[PDB]
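Ligands are counted one by one from 1 in listed order, and the atoms in each one are counted from 1 as well. FYI, side chains are in, hydrogens and waters are out, and symmetry mates aren't considered; it's all heavy atoms of this structure. Note on naming: letters A, B, ... go to the chains in the order of the sequence lines (proteins, then strands), and numbering restarts at 1 for each one.
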Number of protein chains: 2
Amino acid sequence: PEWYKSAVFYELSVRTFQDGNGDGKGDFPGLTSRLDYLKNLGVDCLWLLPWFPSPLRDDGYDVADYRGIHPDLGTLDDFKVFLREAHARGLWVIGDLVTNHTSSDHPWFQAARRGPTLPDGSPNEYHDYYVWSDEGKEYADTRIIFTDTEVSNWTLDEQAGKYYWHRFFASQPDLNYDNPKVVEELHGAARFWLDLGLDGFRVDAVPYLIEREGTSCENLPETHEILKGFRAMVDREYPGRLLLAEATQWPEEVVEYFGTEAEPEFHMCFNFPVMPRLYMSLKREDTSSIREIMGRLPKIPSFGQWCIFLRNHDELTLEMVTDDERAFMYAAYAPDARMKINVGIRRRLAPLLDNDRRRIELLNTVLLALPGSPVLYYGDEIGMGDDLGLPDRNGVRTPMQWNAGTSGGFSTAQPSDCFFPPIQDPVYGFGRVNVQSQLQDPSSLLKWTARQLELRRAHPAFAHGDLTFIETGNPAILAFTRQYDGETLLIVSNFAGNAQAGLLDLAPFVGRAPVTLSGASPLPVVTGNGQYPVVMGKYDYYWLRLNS
Amino acid sequence: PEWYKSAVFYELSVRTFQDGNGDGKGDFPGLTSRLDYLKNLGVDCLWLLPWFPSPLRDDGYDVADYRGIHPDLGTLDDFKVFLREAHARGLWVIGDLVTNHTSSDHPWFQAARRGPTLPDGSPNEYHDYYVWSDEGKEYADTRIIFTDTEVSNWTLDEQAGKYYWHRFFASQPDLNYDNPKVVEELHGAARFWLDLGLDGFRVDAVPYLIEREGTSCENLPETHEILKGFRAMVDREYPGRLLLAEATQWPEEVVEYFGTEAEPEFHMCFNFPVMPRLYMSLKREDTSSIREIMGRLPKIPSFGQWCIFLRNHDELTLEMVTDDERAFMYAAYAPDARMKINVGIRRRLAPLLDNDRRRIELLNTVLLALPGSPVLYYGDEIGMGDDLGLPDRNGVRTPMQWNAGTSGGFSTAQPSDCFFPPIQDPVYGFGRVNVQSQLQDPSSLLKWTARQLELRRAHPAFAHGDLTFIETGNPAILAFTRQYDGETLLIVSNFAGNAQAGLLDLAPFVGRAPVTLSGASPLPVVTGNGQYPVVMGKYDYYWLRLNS
Ligand SMILES: [Ca+2]
Ligand SMILES: [Ca+2]
Ligand SMILES: [Mg+2]
Ligand SMILES: [Mg+2]
């Protein structure tokens with residue numbers, strides 16, 4: 001099995017994890033100095049948010065140089081020391097590859113906006129890197145992702161006197177993927193980090209590569225053909241590396257980003273479809289949407305693995321739910337207007353769940369039990385909160401809370417001088433929520449998370465097994481089996497806030513003896529018709545194995 | 001029923017609870033400012049720790065005066081305005097009436113140590129307030145309560161050329177209740193206080209205030225007789241006022257401190273026998289000794305009400321258990337030698353349980369669901385810790401952690417300047433553990449404790465019902481009914497740290513449905529032989545109702 005299929009992933013931002021030089025901004029020596037924490041947590045793969053030169057208008061997703069380290073973060077040598085130190089402990093590291101767009105400061109765009117003809121009359125080879133219209137009327141009816149900021153995906157450049165296309169901020173013009181030259185520029189950018197030993201990339205915003213009149217300009221077959229060539233290049237020149245897709249689409253579209261056995265595409269795709277449903281079910285005490293949306297997801301190819309997640313550095317996206325589900329999620333998880341942004345909710349995991357550790361634990365166990373490799377949002381493992389006074393999605397990117405000291409140990413700069421201010425409020429601030437506290441606390445959420453990954457790590461069925469929902473006769477009780485190489489696990493979760501009963505249909509397993517995976521406390525052998533009664537307490541989770 | 005049977009009791013110490021003036025010592029004006037917090041928590045009755053003037057060689061239980069206010073805590077003025085406010089919100093206030101002994105610095109000993117006759121020739125009336133002994137051989141077959149500090153109960157005084165008796169410290173000379181001017185002086189002690197508004201007293205060290213040869217000098221019939229007088233004096237002169245007794249003995253010998261219907265002693269008595277087997281059964285994951293010690297209590301009189309508790313201002317006493325049980329307890333709950341004292345363990349409740357909230361919540365449920373009126377020890381509702389760098393049992397008596405400011409909000413004096421230092425450590429300290437934080441946090445242990453009080457108060461069969469244990473087929477699962485007034489509670493509690501299956505014996509309720517007390521989700525209907533199957537997750541509590 002390929003290494004990503006057994007990996008626990010951890011998403012962090014360099015600028016926001018550990019400040020190492022007192023200026024208030026995270027950097028590569030600060031991260032390096034913290035690799036022991038990441039390793040002893042149970043993390044296998046670090047996914048780093050963009051680290052390139054950038055004005056930071058979309059926090060570095062507006063790349064101005066695909067081949068440097070951003071001056072806030074240190075030097076290209078600092079990055080080389082970090083990559084070497086992470087590999088010595090057995091961590092993989094992936095980067096973030098912004099294929100769809102660059103920053104409007106990228107030298108390419110500064111050359112492109114000078115018109116099709118550079119002022120001495122010869123053709124301007126860069127003008128064509130980007131996507132231009134005389135009046136910005138093409139691709140109408142296509143939607144706007146940043147609904148609270150942009151009013152058109154086209155914008156007029158003052159010096160070219162034409163419009164350019166951008167699916168995101170106006171400072172992030174789309175790259176033109178019908179220009180073969182653009183394809184090689186990025187294959188070459190991927191080559192520069194892969195040559196240095198990077199283990200692969202998260203690949204950003206992949207559904208939006210190619211645009212076509214008369215289409216939504218999402219999931220276009222031309223976009224898949226490009227992504228196929230990225231994999232064909234990685235497959236030939238860098239066997240073993242990982243390509244992981246960001247694609248918030250509906251199930252029948254997401255699964256396509258794996259390609260096929262004959263035409264592979266991505267190795268991994270975030271399971272965006274399940275993520276909203278975890279939160280809906282919890283609030284409805286009805287888990288059917290989890291089962292319904294899961295059942296819409298086709299089998300993926302042999303090399304493929306889902307990456308399961310609860311929250312990331314973005315808002316909780318309601319882009320891919322129905323109008324009614326969206327409206328239901330806003331009412332349940334966004335009671336204040338300031339809580340929402342671009343068809344999303346911009347809150348951290350713990351505040352989404354009313355800080356109820358039981359609910360945090362339940363979803364964290366659903367995160368570890370579905371088919372796939374899990375990704376942890378940095379700081380979620382100590383129960384970090386949010387700062388919704390910050391703009392856009394910055395509120396869920398406050399600094400990591402290392403201890404109760406100056407700026408939660410993130411920096412020796414004062415809180416007001418850090419890149420984003422470290423949280424200080426009585427519930428979620430660093431005096432109460434910090435890593436030092438929770439390493440010394442015997443029953444902290446940090447120790448739980450570690451123990452629970454330790455638990456997962458000891459049963460490969462969690463990483464490689466099939467999946468089979470079990471009828472429970474109570475919508476509050478979600479039940480499934482995970483089967484692999486002999487072992488059968490049976491996973492039972494109550495999404496209600498009080499005690500619940502069910503009749504598990506274990507008819508296929510009559511005469512088997514369930515045991516807890518933690519300590520093998522025995523449960524009644526399944527007998528008779530196999531209709532098996534269970535009771536559960538509020539948010540309980542049963543991790544069992546079925547012995548034959 | 002009488003108000004005590006239906007009340008929530010809160011134990012606190014004025015010195016430790018809230019400083020009003022700035023000198024690092026909790027005073028009555030300050031306690032009076034925190035009366036709303038106790039009201040909103042759902043507490044009915046404050047049991048205070050001795051507020052009387054003292055040298056404090058045993059935090060107020062070496063009493064030098066019985067009829068005034070220790071100047072640390074403020075004035076008698078202040079006490080008035082305090083008892084006026086506690087009553088102006090619906091709070092009963094009881095007091096600690098220290099009986100078997102006084103402080104060696106109490107006028108009646110100061111005078112008594114001058115000998116059996118004054119130098120002028122007139123018999124010293126006071127010399128026989130206390131027990132004396134020419135050659136200290138009278139009363140050998142006796143144990144010393146404080147075995148870490150006292151070698152014997154006799155202490156040779158100098159100025160009276162004589163030994164004198166103390167069951168506790170040499171600075172607490174025992175009182176002589178073969179003297180009737182003594183008895184009068186402690187009926188007169190009371191009269192002082194109940195006449196101002198007080199509602200009763202906890203009675204200190206009842207089983208030891210009468211001593212006689214050839215015996216064990218505890219629980220002697222001569223001793224119970226005086227107590228009957230106190231009750232008699234109180235029923236006669238102050239009707240509807242409480243008497244609660246510290247009676248750490250084996251069960252039957254304790255029940256005797258209630259009186260009988262004919263001649264009655266104490267209304268209320270701490271259920272010392274059960275409090276240790278809770279801790280034992282959690283570690284053993286085997287509740288059998290919880291039943292056994294409740295199954296060895298005799299029924300109690302009508303007016304009689306057990307007082308239930310988990311922890312208090314002392315250590316966790318292990319005095320009344322078998323020598324096998326006392327070794328296991330130490331092995332389980334005192335890994336470090338300096339955590340023991342006087343055949344006991346001097347740790348707070350949250351550290352005793354590894355700061356594991358699930359375990360904390362569990363014992364609290366069983367607290368509030370066993371037959372009695374419960375007493376909560378201050379700070380346990382937020383999870384406070386213990387400081388073993390304090391002497392005696394003062395490690396579980398640190399300042400109330402109110403917020404995250406100067407000294408936890410307990411005082412404006414810095415931590416070095418407080419009567420005892422607040423706790424500052426990364427786990428239990430007041431930057432992480434305080435009231436302000438827990439007021440603001442939807443799922444805090446504070447709000448959980450007051451939610452569970454609200455839930456106890458909607459179901460009077462907790463205070464007033466009887467009690468019947470139910471078979472479960474698994475010693476880890478403790479279940480019992482509490483019936484009263486045509487309502488039946490079914491209380492099911494799992495003491496194991498992993499999931500447990502049980503077979504509950506519900507034969508008497510065939511055709512009834514258990515429904516959760518919280519949220520009213522019904523469980524399946526008891527059918528057949530009433531062998532009702534259950535599964536529980538680690539430390540679950542099911543609070544159910546059985547409908548006709
Ligand atoms: Ca594009
Ligand atoms: Ca005595
Ligand atoms: Mg820095
Ligand atoms: Mg004071």
Side-chain angles (χ1 to χ4, degrees), chain A residues 98-102 129-132 138-139 142 145 153-154 164-168 172-179 182-183 186 204-212 215-220 222-223 226-227, chain B residues 13-33 51 69-75 78 98-102 128-133 139 142 145 153-154 164-168 172-179 182-183 186 204-212 217-220 222-223 226-227 399-400 407 410-413 417-420:
Chain A
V98 198
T99 42
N100 190 58
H101 45 268
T102 74
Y129 280 19
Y130 296 85
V131 173
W132 296 108
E138 305 86 310
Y139 317 141
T142 191
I145 299 160
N153 300 144
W154 296 104
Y164 65 94
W165 178 252
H166 58 97
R167 288 312 300 257
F168 303 97
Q172 307 163 277
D174 274 49
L175 283 171
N176 172 30
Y177 276 86
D178 282 304
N179 179 356
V182 162
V183 167
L186 252 71
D204 166 72
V206 301
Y208 312 102
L209 287 206
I210 292 268
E211 290 84 30
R212 289 277 174 286
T215 81
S216 79
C217 312
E218 284 162 35
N219 318 300
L220 292 187
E222 290 87 359
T223 299
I226 275 142
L227 301 170
Chain B
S13 151
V14 195
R15 191 152 297 110
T16 267
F17 189 88
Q18 175 72 90
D19 161 47
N21 43 329
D23 68 308
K25 308 205 203 186
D27 61 37
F28 271 94
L31 169 45
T32 286
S33 63
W51 55 85
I69 306 296
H70 190 307
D72 272 332
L73 322 169
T75 79
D78 300 311
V98 213
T99 14
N100 197 12
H101 51 259
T102 17
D128 269 20
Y129 279 8
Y130 305 90
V131 181
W132 294 98
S133 168
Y139 294 148
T142 258
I145 283 133
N153 292 326
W154 290 115
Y164 65 101
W165 189 248
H166 57 65
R167 282 320 282 264
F168 295 148
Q172 288 155 319
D174 250 338
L175 269 186
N176 198 11
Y177 287 96
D178 281 317
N179 187 306
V182 160
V183 154
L186 281 143
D204 187 283
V206 310
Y208 306 111
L209 44 74
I210 267 295
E211 292 98 26
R212 274 209 219 302
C217 309
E218 41 190 282
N219 314 321
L220 298 173
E222 294 91 352
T223 320
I226 310 101
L227 304 161
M400 198 29 195
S407 267
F410 156 80
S411 154
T412 40
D417 296 329
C418 301
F419 189 80
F420 292 122

* **B:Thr102-B:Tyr130 side chain donor-acceptor pair, cut-off 3.5 Å** => yes
* State the CE-OG distance between B:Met400 and B:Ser13, to the nearest 0.5 angstrom. => 12.5 Å
* To do: Return the orientation label for the B:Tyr139 and B:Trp154 ring planes: parallel under 30°, perpendicular over 60°, tilted otherwise.
  => parallel
* Asked: Considering only N, O or S atoms, which atom of B:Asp23 is nearest to the Mg ion (ligand 4)?
  -> OD1
* Could you tell me the angle subtended at the Ca ion (ligand 1) by O of A:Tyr208 and O of A:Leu209, rounded to 10°? => 70°
* Asked: Can you name the N/O/S atom of B:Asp19 that is nearest the Mg ion (ligand 4)?
  -> OD1
* Asked: Of all N, O or S atoms in A:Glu211, which has the smallest distance to the Ca ion (ligand 1)?
  -> OE2
* Rounded to the nearest 0.5 Å, how far does NE2 of A:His101 lie from CG of A:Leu209? -> 10.5 Å
* Approximate separation, where rounding is to 0.5 Å, of A:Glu211 CD and A:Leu220 CG -> 8.0 Å
* May I have the angle between A:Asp174 OD2 and A:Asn100 OD1 with its vertex at the Ca ion (ligand 1), rounded to 10°? => 90°
* Calculate the angle formed at the Mg ion (ligand 4) by O in B:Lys25 and OD1 in B:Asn21; 10° precision is enough. => 160°
